[PDB]
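Accompanying notes for the structure given below.
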Ligand SMILES: Nc1ncnc2c1ncn2[C@@H]1O[C@H](COP(=O)(O)OP(=O)(O)OP(=O)(O)O)[C@@H](O)[C@H]1O
Ligand SMILES: CC(C)C[C@@H]1NC(=O)[C@H](C)N(C)C(=O)CNC(=O)/C(=C\c2ccccc2)N(C)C1=O
Ligand SMILES: Nc1ncnc2c1ncn2[C@@H]1O[C@H](COP(=O)(O)OP(=O)(O)O)[C@@H](O)[C@H]1O
């Protein structure tokens, strides 16, 4: 790849086609530096929201403009801003240039790529705080968004346009749920965006590696701000992800946004408002934290027919310490979000991966978006799993040697056996309905509980290769047809004869 | 008492001398320790000394910290 | 022997329940202590900012 | 270069007026030339924490401010806190700002580094989730460590914390190019000198030819002023990341412990007049934690791994200091007083040691199933301690006797004669590689070494050494 | 809140109409003032809220009274924050109401939906001059037995039920039947559970609870009463679940 022959003319292409404009710009003088605030003695007609640029490169945003100074906020470590030096009010009010060129490229909070691949070509501009869709710009959700997990996509479904909070403790598998959801969208026109607030760099680097190797970078964006980054970049980056998602949402395209996590944005805003000296509220959070989360989370919806059937699905994350749901940030986000997916750390530590809590988990619009086939096959799964969670309690004394309780132990341990899954190995809806239906009919009660996962992957691969009809019937009818039931029964009986013999 | 020195500054004293007194005890024990001689010292109590110092700080408008004790 | 075995079993159940109650009491106690410490610090800095 | 006067001091924080335009950037060193009690010229170093305005900046003092009157000459260096790096730092004990306190002599090697430096970029950072191989059998099997990862300590006194530190140091510095930067913030001086002379007599600091040692030591003393026990961790961190960046060693970092760093951060911020966070920690808790932790990674040059003790306030993991420390930790190694009282060292607790590395698709399916079965055997025995070892004894079951016997074998086999326990307790040292740990515990489990005495695996290295010890004890049995 | 209030106030004043009002949820209307008062520079009151808190409450609530000209009945949700009932905003909401019905988290997590806390729900209209003697009597004895089980709940949770007297397990069993019969499937929440909505009268709720407290129904099990409407739905539920063997 030689470039010396073309550089001799692309050095001259930069000169030609240039306007040499003149513009009266505002300009102030920096006075105080500290706690992420810079009071600027200037800026007579500055807009509260200007992208105030600093003479040492750092971009800032004008907030506290009283009468004799404008207290801007620094997007980044305003370290080398030399005192007295000028600022320049860029005229634009806190925008993000957006295009399709981000698809694959990682990105900071301030839209600046850190991929080391190139620059992002974006002529269109979206506001970082665009107004959320009102009451007429919306439409109740019916298209599913399948996360690839049996339990989630079975009994707590997620619509296209429904917030599902992934609430759970530290190291309980929430990142695994989010990556499984993103990897399941390898075919569907769901332009995912994964924003990662305040995480370790090795985690996001490993996830970026997973996203590239699993053939998934073609439709995702990674908005990354680590714990090294300032409080303001972390506080801002969810809104950057929301602007990036709303660009594709308004152009009739379904998208997916995953904040990771909203609790880190709450800590960043607590540091921000405490270094701003705002009298904070419930255990030192600022009183504005509910607004902080709502003014981004209520931007996720299903856009109307007149608006174009776009969608934004938000999968926020809230870490809970000591398992308490009553704490301030999770009880706020639950009041904002539609449903929650609790990830029980005692299940996860016992060895139930993923550790979806079957009972607390809620979906408001779950059964609407859950398809007819999954509905008809997952009703009985829900009934039997609920009764197993009840029968496991006090299982020993009263109901020890009953026919129903021995059968339900072999159908309630085995149901849980077929719920568990390997991380980064999603099941499309066909394998989901098949592996649910065999536990619904009960064709594994006689099997050993240790051979169950192998039996399920063998059933999956047999119906994959040797049954090229079931996928087509489940895709076409979108209903568990009795013809599909017949041919699947044929597959189940022959695979059982392979395995037991 | 043939060897024991007992420095003392009771509650009716200002916060200043209560804050000071353990340092005078420590200087006496330091001196006798630097004469190649083994020593001992009893502080009773550090809570009263900390309350005296906290009062001396809060009167000087030093910023209060956890349970009003200053950051020192 | 049957009643002593039933008694051992009932004590086992009571130890299980007492362990779990100890756990949830520790949880709520951590929350109570943290909220009380925070409330003290907030009232103290509020009074210091008042004067 | 800008000569500044001292305007205000309130304890360890200072108010340095400056010439009007030129002014030090935040986190710059300020040397305030002062005097002693008899007036001999001494210097107190400061670090700009805030640029207050009207040609005046605020600084926090790394040294004690007794000797600094109002209107003194404050010289700026223009760059942040510099410490020496290279071979001179190896083998010595350093203060907060890099003036060594071993009293053998001054430092050399005029290369240096700022105490505050950016994290490695997203492109440099290695994705390969390696394993930190160690000469210890239990932290190879039960709780594996990540290369570049963060490991926590929770064992108290008399359980063998410092011997485990020296064992990691010897194993990394024998098996590979190991360099150990022990940075102890909140280090009370007598325990620090105990640590120093323990390192001295255990052969890890060579005194006849210094700088050929394996360790570099920084001390954050208790009596040091507020910012000192914040910045000692960053001192040790930059001294370690030089070794990472230019010599491509596998650096081993020790922050004992992180709670004193968090507390000193809170106390600096509380003296700065900042509104505190929830429980009372500094408003900037998470970012202060991150800008210390996310400089400890693995790049394509080398890899700095840190093992940092933690103190948890009244064992409350819901507190912000532990719950934010674990947001960057990967594994934990909870030493037991129980395995110290039983008398098998190292005194770790296998049921209470967690690792994110112990997954099948990270370290192998064989290692995974071996660790899982070993955990299940010990979890059998721990409940069976009350059952048979106290009361029952009713010929428990042969399928349960087979677990009790091999749980005895495994509790004996978890120990290992350390290199630096030799002069201490009389145990000649052995390195046991990871594959040898897995194969040894494999054969302890698999029903091939049940017949030998249970003491044939106690204080032994590999498994072949265990069978040989069985033959030698049986020669003493036929004696 | 004031917009909806004057938009109902005109109807009630001029058209003389009985007006309904449904606000959801006024804790956000409190938090709005608590968020703007920290920006107006005013000194922060109790833990986070504004000093003018109860006056802020009254300036809505006192205008929502009925007159001789009309009527305003105002159902409202009052979100208690962090599952705390004694926070200043619900605490000052509790005074300007004619009935409180507090919604538990324990009864929600245990599945008896609606999760109304029975004996922490109170109304100013449970008086024998309004609802008559029989209704108030049955309600009083129901609350008595529920509190008896509530007092015994600690002793039950630590050890169990065998340690009790027979006269105590009679109340524990009656209240275990009541705690399930306090559920009722909703005409809205049928799309969640699957059990379609049931409207039950007061005059039959009283007779169902009288049949429970008499002891003419205590023989059939406790999960029979779960998620039904009338009392005959519970008795037919008991008769039905003894057919599917
Ligand atoms: N279903 C699963 N199968 C196998 N491994 C899993 C599964 N779910 C989670 N894990 C493993 O558990 C570990 C922690 O999970 P994960 O990272 O998703 O949780 P987390 O909340 O992001 O943790 P942290 O926030 O500390 O990074 C990961 O190493 C992951 O590989
Ligand atoms: C931060 C940017 C991207 C959007 C802001 N606006 C909002 O998000 C909404 C609409 N808010 C809070 C406002 O209307 C006021 N704006 C701000 O508070 C802010 C700034 C702010 C600073 C510190 C704490 C909180 C807020 N803006 C300048 C905005 O324009
Ligand atoms: N391999 C070993 N063999 C014998 N004793 C050991 C071994 N490892 C540790 N110990 C014992 O553990 C003690 C170390 O305790 P130490 O780590 O100094 O406690 P602290 O955490 O207070 O520093 C030593 O006194 C030693 O007797």
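Neighbour counts are summed over all protein chains in view; Cβ atoms, including those assigned to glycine, are modelled from backbone coordinates with ideal geometry. Derivation of every value follows stated rules applied to the coordinates shown; laboratory data play no part.
A few remarks follow.
- Two-site label geometry, residue E:84 and residue A:306: point separation in nm, points 7 Å out along Cα→Cβ: 4.4 nm
- Contact order normalised by residue count of chain A, Cα under 8 Å, 6+ apart, percent: 15 percent
- Using alpha-carbon coordinates, inclination of helix D:258-271 to the longest axis of chain D, degrees: 20 degrees
- Whether region A:93-370 is rounded, prolate or oblate, judged on the alpha carbon gyration tensor where a/c under 1.5 counts as rounded: rounded
- Expressed in Å, the radius of gyration and Dmax of the Cα atoms of region D:289-399 are 18.7, 61.
- Note on D:281, B:43, B:3: ascending count of other Cβ atoms within 10 Å places them as B:3, B:43, D:281, the fewest first.
- Once you reduce region E:9-41 and region A:356-420 to the center of their Cα atoms, the two points are 44 Å from each other.
- Distance between the 7 Å Cα→Cβ label points at residue A:448 and residue D:372: 1.4 nm.
- Quotient of Cα Rg and 2.2 N^0.38 Å for chain E, N being how many residues it contains: 1.23
- Extension reserve of the residue A:335-residue A:483 stretch, reckoned as 0.36 nm per residue once the Cα distance is removed: 48.9 nm
- Cα-projected label distance for residue A:497 with residue A:389, points at 7 Å along beta-carbon direction, nm: 3.9 nm
- Residues residue C:15 and residue A:402, FRET efficiency given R0 of 25 Å [Cβ-Cβ distance, rounded to 0.05]: 0.40
- Between region E:76-99 and region A:289-350, the C-alpha centres lie 24 angstrom from each other.
- Here residue D:22 and residue E:46 are evaluated by their C-beta separation; at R0 = 45 Å the FRET efficiency comes out at 0.40.
- Mean per-residue shielding of peptide A:326-335 is 3, counting Cβ atoms of other chains within 10 Å of each Cβ.
- Listed peptides B:60-68, E:46-54 by packing density, highest first (mean Cβ within 10 Å): E:46-54, B:60-68
- Share antiparallel - DSSP beta bridges, the protein assembly as shown, percent rounded to 5: 55 percent
- Normalised contact order of chain D, rounded percent, pairs of Cα under 8 Å and 6 or more residues apart: 15 percent
- Each DSSP beta bridge with both residues in chain D is either parallel or antiparallel, and the antiparallel ones are about 55%.
- For region E:154-217: rounded, prolate or oblate by the Cα gyration tensor [a/c cutoff 1.5]: oblate
- Evaluated at q = 0.09 Å⁻¹, a Debye calculation over the C-alpha positions of the protein assembly as shown (equal weights, vacuum) places log10 I(q)/I(0) at -1.49.
- Ordering A:102, E:79, A:219 by the number of other Cβ atoms within 10 Å of each residue's own Cβ, fewest first, gives E:79, A:219, A:102.
- Here C:15, D:287 are placed in order of increasing Cβ neighbour count within 10 Å, fewest first, which gives C:15, D:287.
- Rounded tilt (10° steps) of D:365-386 against the dominant C-alpha axis of chain D: 80 degrees
- As a rough guide to protection, the peptides A:140-148, E:133-141, E:203-211 ranked by mean Cβ packing within 10 Å, highest first, stand as A:140-148, E:203-211, E:133-141.
- Efficiency of FRET between residue D:8 and residue D:208 - r from beta-carbon atoms, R0 56 angstrom, step 0.05: 0.65
- Averaging Cα coordinates gives a centre for region A:123-201 and one for region E:187-245; these two points are 40 Å apart.
- The C-alpha atoms of chain A define a longest principal axis, and helix A:231-250 lies at about 70 degrees to it.
- Under 11 Å from the residue D:102 label point (7 Å along Cα→beta-carbon), backbone N, region D:193-212: D:200, D:205-212
- Averaged over residues, the count of other Cβ atoms within 10 Å places the peptides A:14-24, A:244-254 in the sequence A:244-254, A:14-24, highest first.
- Hypothetical label at residue A:214: residues of region A:109-153 whose amide nitrogen lies under 17 Å (7 Å Cα-Cβ projection): A:145-153
- Taking every residue in E:153-165 and counting other chain Cβ atoms within 10 Å of its Cβ, the average works out to 2.
- Peptide-level mean, for B:53-64, of C-beta atoms on other protein chains within 10 Å: 3
- Take every pair of alpha-carbon atoms less than 8 Å apart whose residues are at least six positions apart; their mean separation over the length of region A:371-501 yields a relative contact order of 33 percent.
- Cα-based shape type of region D:358-479, given that a ≥ b ≥ c are square roots of the gyration tensor eigenvalues and the cut on a/c is 1.5: oblate
- Residue separation of residue D:157 and residue D:38 scaled by 0.36 nm, minus their Cα-Cα distance, works out to 38.6 nm of gained length.
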